[PDB]
Structures are given as C-alpha cells and as structure tokens.
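Chains as they are written, first to last, in this note's numbering: chain A, 1 to 23; chain B, 1 to 206; chain C, 1 to 126; chain D, 1 to 114; chain E, 1 to 96; chain F, 1 to 83; chain G, 1 to 155; chain H, 1 to 60.
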Amino acid sequence: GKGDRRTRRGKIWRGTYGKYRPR
Amino acid sequence: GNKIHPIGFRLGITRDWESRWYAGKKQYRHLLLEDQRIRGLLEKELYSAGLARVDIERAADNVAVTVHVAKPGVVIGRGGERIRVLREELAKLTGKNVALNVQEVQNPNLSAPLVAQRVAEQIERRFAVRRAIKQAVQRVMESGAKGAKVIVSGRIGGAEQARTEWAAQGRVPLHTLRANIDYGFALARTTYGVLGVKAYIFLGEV
Amino acid sequence: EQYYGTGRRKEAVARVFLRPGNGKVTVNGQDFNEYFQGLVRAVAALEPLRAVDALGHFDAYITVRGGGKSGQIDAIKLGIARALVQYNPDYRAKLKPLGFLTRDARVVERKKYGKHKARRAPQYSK
Amino acid sequence: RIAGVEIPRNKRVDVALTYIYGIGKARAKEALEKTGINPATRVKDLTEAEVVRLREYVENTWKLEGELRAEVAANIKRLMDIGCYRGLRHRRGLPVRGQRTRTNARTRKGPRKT
Amino acid sequence: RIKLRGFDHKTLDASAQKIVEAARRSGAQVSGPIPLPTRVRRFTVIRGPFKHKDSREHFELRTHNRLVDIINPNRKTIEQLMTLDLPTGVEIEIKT
Amino acid sequence: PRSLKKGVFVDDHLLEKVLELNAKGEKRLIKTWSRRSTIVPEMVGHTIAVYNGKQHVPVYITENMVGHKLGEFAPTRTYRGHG
Amino acid sequence: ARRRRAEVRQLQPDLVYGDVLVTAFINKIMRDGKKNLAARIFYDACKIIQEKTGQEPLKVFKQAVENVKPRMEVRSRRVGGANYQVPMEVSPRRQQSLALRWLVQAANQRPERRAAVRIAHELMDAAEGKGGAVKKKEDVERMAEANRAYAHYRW
Amino acid sequence: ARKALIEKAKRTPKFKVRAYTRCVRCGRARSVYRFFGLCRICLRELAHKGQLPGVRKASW
RNA sequence: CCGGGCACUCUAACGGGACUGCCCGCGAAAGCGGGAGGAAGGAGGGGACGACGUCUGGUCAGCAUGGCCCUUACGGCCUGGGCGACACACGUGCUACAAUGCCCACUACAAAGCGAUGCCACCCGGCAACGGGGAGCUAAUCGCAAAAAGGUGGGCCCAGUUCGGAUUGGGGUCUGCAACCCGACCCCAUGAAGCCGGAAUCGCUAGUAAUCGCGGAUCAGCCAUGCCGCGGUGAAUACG
Ligand SMILES: [Zn+2]
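Structure follows, in structure tokens:
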C-alpha cells in the first residue's frame, strides 16, 4: 500500500527516493 | 471577545499602514525590529506631549519618521530642543538617519488614541469612569465626528468584579469597510489593576 | 481564414484555431486522439463541430495548458465554440441553445481552515 | 525441493523463491539473474538442472531457513544476556525500536487486556 | 534594465509611471511598465493566543513587481535616472 | 546510525580517562555522564557507573557490549508493571 | 431540503450511445471520480453483451432497466410505538436511481473476477428480468405489496 | 524561567544547534516566524495595528 | 532554438459587465413564477466581515497586569534524564483487508509556493539513501520538480496472496557536538493483524463528496499520516 516503503507507491506517498523509486 | 480589530480590517481600503517601507526577506525582519523600538522609545518620550501616530518610512539607509501629537511644542521642547535631543538619542538606537518630524493633531478630539489617552488619564486620575466616557464621547461627536463609541473593560472604579462600561453616539458602522473609522486603544492601569479603553471614532464613509 | 477561440475550464487554457480544411485536430502539436489517447470522455471536446456540421471543414490548431486532460477537453469545447461564432455569428444560434458558448463557472472551491477539504468537516464526538 | 521448503508449481519462480524464509522480492528477482532463469516460468515448468543450479547457487549465497533464524534468535538472545535496552525491550515483549508504548503497541503486545 | 519592488501597487504604479516618463521625456526606448507576477506570502495563524486551533486568520505580503527598461542607454538620461523620485514603498533594480 | 565516514563518536574526557586506567592498570570505577558515548573495544574489562539522569549505574564493560552506546545499559526509566 | 426542491442535475449524455441514462449508469459504477475506468468497464460489458447475446447493447440495457425498475417501496415510519413500513409509489427519478443502484450492486456481487463481465452478466440477467437486481425489485415491490394494508399511513 | 532564557537565547550557545529562536517582542518560543522573528500572537497584534508594512488580511 | 511580432496566453493594474436590467403572467405592493438576452439571472460562487449580550467560557504558560507568595531560592548556569513510560481506556487521523485491484516499464497533463551560506541544474560514484564534482539561479527567466491518479504494454488470477506492511535482525546515508532512551531516510530479510468492522456514530447538496498528487510554516534533522493551502479527476441524492 501507500505505507509500504519497498513499493514505488510508498516512496511516492512517503515522498522519498531509493532503489525502488529513482530520480 | 468576538469582534475584529477595525484598523487591520481596513488597511489599504480607507486606512493606511503606519510604517511604509519596502524591504527584503534578508532585512525585513531586522528593520522591522528597530521600527518597534522607535515606536517604543518615542512612545514614552512623547506620551507627555500627547502622541497620536508614529509613521515610519525607511528611505535609502535612513528612516523618515513622522510623529503625530497634540502638543507639538511639548515634543520639540524649547524651540525644537527636545526633538533635536530626540533625533540624537533616536538615531542612537536606530543607527541610521533618524528623520524625526512632528505633525499636529488637527482637532485632537478626533484622535481615538488621544481620545483614549485622555480618557485613560482621567480614569487613571480616579475620575468618574462613566462620566469620563459620556463626556469624552460628547465632545468627539461635538467635534464633528459623525459617530463615536467608547468602551472600558476591567475593574471599573476599583470594584473587584470586573465589568465593561461603554457609551456610543452617532453611527458607528464597524461592518462597513468604507467607513473612515478611527480606533484607539488605551492601556489604563490603576492601583487596583488595569483598565482597557477602546476608542471608536467614525469619520466618513468615503 | 484563421479563426480563434480560447478555452478555460478549471485551470485549463485552450487556444483553438479554426483554419478551414478537412478538419484536422492538433493539441500542442499532436493529434486529438493522440494527445487524448485512452480517454473515453475525449470525444465530447469536438462536439460543437456537430452542432454546426463543419467537422471535415475546419482544420483545428489547438494548444492547451494547465489542469488535467478532462478540463483541457472542455476548454477546447468552449474554445472551439468561440472561433465558430467568430467564423459565423449565426453559429451562436444552435450553440447558446446548447450552452456550448458559456464558460463552466465550476472551479475548485477554496480549501477552508478547520476543514480537511472544501467542506470536509472532521468527524467530531460528544 | 529447495533449501528447506518447496515453492508451488503453479506460481512463477519470482514468487517461488519468496516463500523461503530469508528470501524476499529482492533476491527473488536476483537469483534469476545470477542463474539466468526465466522469472515467468512456473515451478511446474522448471527443469531439474536449472533447479539444481538454482538450488546450488542460492542455498550457498545465503542462509535461508534454519541457519538464518538462528542468527536472529542469537542476536536477540544475546541482547537479553547483555541487558541492553534493546534486549531490555525484547524481554518485555515491547516495541524495541522506540515506538510509543502508551497506545498502538498491539503488534508487539497482541490482544488487549483491560 | 530596471525592476521595481514594493508592497503597494498604487505607489509602484505611481512611482513606476513617473519613471517611464523620465526616458519618455528625454530618452529611449521607454519600455512600458511590465507587471511581473506578484509574489504573495501567506501567514496562517490562530486568532486566540491559547487553544482554539480551528479559528485561524490569514495574512499576505503582496510584493508587487513592476519592470520598466530603457532600450538605448541615453546617458543624458543616466543622470536623469539617478534623479528619480522614489517614494518609501518602492525599491529599484538597475541593469540592462 | 552514526555516519561511519564520520568518526565513531566518543567523548574526549571519557576515552582519556579510559586509557588512563589502561595506562595505570585496571581500577577506579569511573562515574560518567556520557550516555551518548559509544563503548570502545579498549573499554572492555572496565567498570563504569554511567549516569541515568539521577544516578550513576555501574556497568561492567565486557567485549560483548563494545559496539554500542553507553546509555543503552543505564536504563533511564523505572517500570515494574501495574497493580 | 426545506425551501426549494433541489432539482436534479442534467447529466451530459454519453459520447458512444448519446444517452444520459447510460451516462447516469456510468456514474453509479464510477469510484473516486474515476469515470474513465468506469466508462471502459461499461463499454467493455457493451462489447460482451454485444458478443454473448449479440444485440443492440443499448436496447438490452434499457430492457434490463425496465425489468428492474421498481414502482412500489416501503418507507419506515414510527407511527405510534410501531416502526411501520408504508408502501409507496415511486417517481421515475427514484425509479431510475433504485434501478441503477441495484443493477450495479447486483453486478458487484457476481463471482467473475472482472467488472465488465459482472456488468455484462448483470445486464444479461437484468434484460432477461432475472438475477439479484431483479429479485431486489421483486422483493421490494413484493415487500411493498406485503404491507399494502398500511397504505393509508402514507404521507 | 523566562527572562534569563529570553536573554540566554540572545547569547551564542556552546553548540550552534542550541540556537533556538524566540519572538523578539514577546519572547515566545513557539510559532516564531523567521520572516519576522515574532510570535504568531505578536504577528497578529502588529498586523492589525498596521505596523507591518505590506502585511494585510488576505481574503481569497 | 534565433531574428522578428505582443497577435494569443499570461502577467497586473484600471475599467465595463448582472442591476429584477429588460418581456410575460400572478400580486396593492413588496415581490413571485416563466422568457429573452446574456459568460454569468435573480444572494452568480467562494471569502473577509461575527450585533446586545451569554457562557464568573479560555488563557496570569504569548504578552500586560492588582494582589499574595520565594529570596545563597520557587531565582540563574551546567550535565544528563523526563515530557517518548504502558496493564489499560477514549478521541482524532493514516494504511489496508484487494481484481473498479497490486506491481512493473514508458507517455502525458497542474496549481499554488519556496530558495544567497539556499534551490541546487547537469556529470560521476554508489542497489539506494547519499557522497564527490558542479552550472545557473539574487527569481515568470535557475532549481526545487516527478505532478500523482490517468493512458500504454506486461505480469499477477482471488491468493491472507505479486493484498497487506506491522514487528523485528542486520548492513548503511544524512543532520546534528552528540541520533541509546529519542530522528529521518536507503538496502536485505523478516511479512503481523487484518476478508469491510456490534452497539452505535460522522461529513458532505457541486466542482461538493470521494480519491490523486504538489507546495509552504516551524525546522540543522524530524518523528508531518498533522496544519495551512494548491491544483487532477470527479460522483450520487434531496420525495418531503
Ligand atoms: Zn510575540
């Protein structure tokens, strides 16, 4: 869900960047 | 405990700011600071003279100051002595060019602060509060104001039960934006605490 | 020859141009269904060309900015209505009857403090 | 089958690896790369040599089922021994990572007890 | 190139318009006053000093921006440039 | 955790007092306030009463507790249950 | 709702079938204003009904609705110490709403994994006057008919 | 403990992170706007007073 | 992209525009219903605006202030701990319990704001957080910054799951003097409850609800799912 960091969904909701959501 | 402040309600509609000076974020905070000290310093120094308004504009590295007062000589002193004494001490805190100026209060019965200050001094002299109000509102309306109201809150006449007394006269349309309405607050403290004095002077719905 | 209309529908600007021809449609340099691909609603934008039937008559050069595609649609809708009456004032007849030539006043209502949304008051208890 | 457990034949290999304790989505997409195996293949569609290759690779690249759990308990048990606050938290069955014990500690505390 | 920054639009429009007249009197080119978008800066705040978080009040600092530039330098106007009447609610930018 | 690129943080007065006993032989239980400090391998075999906010909790520093902060072992709170 | 009557909104007719009712039935499927998704799911069931029982999807649609449009419904009313259920007629507005609501919800309970099939099966049963949405219309007007003695409690 | 604190905030700390901002007017710690250095209360007060140049009740 | 133009959009100031203005019928009028025009029609939408007073409402901890009260302390400095506990209980929210869905790769489409010791482009390294380079940006021009949902293609096939991310172990980055208590974030693994929720109860009449994302304040960093705003898409229903 939104609260899952490992999903790109999460890093969207969490507003972060990482292995699963680059820039 | 529910109404809005009238002046801020009307800034840039009928009433204008009392400190007009554009500044950047890098300096707006700083110049704002000493602007208060000028309001603070000149307050005590001029209350004896009957201060009304402290307009402060900041030109290039220098603040053109305009005080509105009822006793213009009492501000300047002996032929502008105190004023010359002030801008000395004034710039001592501002550090910039203290352009110190005085402007008479045309019909001082229309200066809600002066109206408030006088009514404060009266009640601070133990005079009849309820009488000072009606008398104060009286000459103001008698001074040509198309409407005026005065309210006082706190321990009235030393009574322990706090109370709010007030007299009104003539139209006082606080809701109407275009009503040129003078507001005046007066901190009036007694031995038995503090009394508040708000002065509403309706002038014109231009 | 060239005929122009504007589109405004909930933050969507739509500059439309009516150059006669076979009815080509361009949205910021793209085909209509091109830029609007996958949009079920994106057929009603060209609807005013069915009130007056110049569908294959006027080639549309259209740009749009701001807001989602949906708002961009109606802006073009109102946009195309503009240049049409620009082309033919008689087109106003049979368009104003369809209200195609009146702007959608509906806009995102301002969000109010004390409210999560424009009117979403937080659930309280007693 | 694999190191300690089996992956369902009807599922793709990617989800297949994940059922191993100590294998999540990350390494699951990795062993396919290091073993060059199609992710889309079902476990029912996996060849022996590919599996044994898979089996040989992954089961030594990491410890997964029992060998992995022991380190956890080893880490956890030693914390109880050292009396660390972390270990202090574990011995109370309380949220060890500074969570708020006053409310919403159910996942660490389970059923509510008036 | 000349920008202007102030809190009032009337003062700016007053002050800026006279500036465009200066080169309009002895210079060129008098690039008209181009009103840039005004950077607004809100301030939500609670009315009361204590609680009642709900009842708020907003504020703003509309720093209106107006820009007039002279195309040709016109150094005769250059002194005319510095010879400007800038009221206290307006600030000036100078470049080209 | 602390950026290992950055140095591994330990208070100066703490470490020096550690090495002093390392110099002058193991002895002299050391009061301390540096809960934020990290145990260092040299600290092993030392005994230190770390301050909890109210008291100095004497904690014997073994090898088993080297890679940690000192505050971990002086619990700054007292809970015994309910009822 | 005291002063005016709060007149209904004029739904924009759908592009495909040029219908407001169709556009109406869309919105009951629409979630979160995700009309594009809901638009397809309808249009997908359009193809399905166009395929399974290949006819006019629109004609099947309206036939489905008319088979499920209720006309008599109970209404709770705490007359005396008894919470009655007065049977009542229905204006075509609420007739359509109840119909549209049921066919969706009945379609929201079939077993098939996707929605447009569920809609397709639903419209198939509905156009056939069968299925839960029909039963609901059957049950309501029956239940509405069960309490016909309470008719005078109407208001 | 206020006056020392509202003076302690003025001096420089042993660590830059200890430098917290109080209202220059009321010395409040919370809701201190960097753009002013004032509390949200003193902001509102001076705002209605019209002393803040440019500031005004925003109503959009 | 450049010359070129200011058309267009926009920007931002000044204006006009909607006033029952006008036609019909109803009424004594007030007005009411309909119509035309009109972008807007009858309070056009939203906002600021909160009367006399009530609540001995709240606040002496924003501030001010009568009085009472401490003066080697109830004052001031420092170090730490506490405010973060935890059997429980309530409120307010967030995330879900999935297929109108989840995940992945590509393509869109905003608004409103912020930024000189800050935005930081772009490069490199690094799974990544991030680090090293490093332009521009003093602001419509530089950047933050990707909007997201959406569309496209693929997988998943109903599964406590490719749902769910809670907890926990480990390995790291960053700020900070210092992230144990007591930060955030990145990576692996762990993968909890949860299959739409009793009694009961809440918000909402339109660009509303719902859902999607964006910005800002405080702030070194952030415990922000909060708050204040911004825009995307976008409902049903009002008989009474
Ligand atoms: Zn303050």
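For each residue, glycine too, the CB sits at the ideal point set by N, CA and C.
Of all C-beta pairs linking the stretch 37-50 of chain E to the stretch 35-47 of chain H, three or more are shorter than 8 Å, placing the two stretches in contact.
Within the stretch 5-32 of chain B, contact with chain E at the beta-carbon level (separation under 7 Å) is assigned to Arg20, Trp21 and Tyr22.
When DSSP states are grouped into helix, strand and coil, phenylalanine 32 of chain C belongs to the helix group. Here DSSP, grouped into helix, strand and coil, assigns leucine 61 of chain E to coil. Three or more pairs of CB atoms, one per stretch, sit closer than 8 Å, so the stretch 37-45 of chain D contacts the stretch 2-9 of chain D. Assigned with DSSP and collapsed to three states, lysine 63 of chain D falls in coil, not helix or strand.
Placement of the Cβ of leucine 32 of chain B at a distance of 6 Å or more from every heavy atom of ligand 1 is found. Going by DSSP, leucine 4 of chain E is part of the beta strand (DSSP E) stretching over 2-6.
None of the residues of the stretch 105-122 of chain B has a beta carbon lying less than 9 Å from any beta carbon of chain H. A distance filter of 6 Å between CB atoms and the heavy atoms of ligand 1 selects the following residues in sequence order: H/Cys23, H/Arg25, H/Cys26, H/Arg28, H/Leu38, H/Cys39, H/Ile41 and H/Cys42. Of the candidates B/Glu34, B/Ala64, B/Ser111 and B/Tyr28, the residue whose Cα lies closest to the Cα of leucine 61 of chain E is B/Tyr28. In this model, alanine 1 of chain H and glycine 53 of chain F are separated by some 21 Å (Cα to Cα). In this structure, DSSP gives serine 37 of chain F a state outside helix and strand, which the three-state scheme calls coil. For the C-beta of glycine 37 of chain H, the chain B residues within less than 9 Å are, from N- to C-terminus, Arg29, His30, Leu32 and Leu33.
Residue contact check for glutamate 60 of chain E against chain B: no CB pair falls below 7 Å. Shown in chain order are the members of the stretch 107-123 of chain C whose Cβ falls below 7 Å from a Cβ of chain E: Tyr113 and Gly114. Between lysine 34 of chain G and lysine 24 of chain C, the alpha-carbon positions lie close to 29 Å from each other. When C-beta distances to chain E are compared with 9 Å, every residue of the stretch 152-175 of chain B stays at or above that value. When DSSP states are grouped into helix, strand and coil, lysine 77 of chain D belongs to the helix group. In the structure shown, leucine 203 of chain B falls within a strand segment according to DSSP collapsed to helix, strand and coil.
If you ignore the 5 residues before and after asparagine 107 of chain B, its C-beta comes within less than 8 Å of the C-beta of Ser143 and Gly144, all in its own chain and listed in chain order. Ranked by Cα distance from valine 102 of chain B, the options B/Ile83, B/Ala199, B/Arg130 and B/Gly95 are led by B/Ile83. Closer than 7 Å at the C-beta level to chain D, one finds these residues of the stretch 51-81 of chain F: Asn64, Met65, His68, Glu72, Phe73 and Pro75. Where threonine 107 of chain D is concerned, the enclosing alpha helix (DSSP H) starts and stops at 106-109.
When C-beta atoms of the stretch 131-141 of chain G are compared with those of the stretch 86-105 of chain G, three or more pairs fall below 8 Å, so the two segments count as touching. When rounded, the separation of the alpha-carbon atoms in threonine 62 of chain F and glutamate 42 of chain F is 10 Å. Here the stretch 21-33 of chain H makes no contact with the stretch 37-45 of chain B; the two share fewer than three CB pairs at distances below 8 Å.
According to DSSP, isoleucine 92 of chain E shares a beta bridge with E/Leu4.
At a C-beta separation below 7 Å, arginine 56 of chain H has these neighbours in chain B: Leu11 and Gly12. For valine 52 of chain C, the nearest beta carbon of chain G is not closer than 7 Å to its own beta carbon. Here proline 108 of chain B carries a helix assignment [DSSP, helix/strand/coil]. For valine 152 of chain B, the uninterrupted beta strand (DSSP E) segment begins and ends at 147-154.
When DSSP states are grouped into helix, strand and coil, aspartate 35 of chain B belongs to the helix group. Taking 8 Å as the upper bound on Cβ-Cβ separation, chain H lies near residues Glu57, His58, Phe59, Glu60, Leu61, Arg62 and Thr63 of the stretch 51-82 of chain E. Taking 7 Å as the cut-off, the beta carbon of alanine 54 of chain C is found no closer than this to the beta carbon of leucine 95 of chain C. The criterion of a C-beta distance shorter than 7 Å is satisfied by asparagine 109 of chain B and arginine 139 of chain B.
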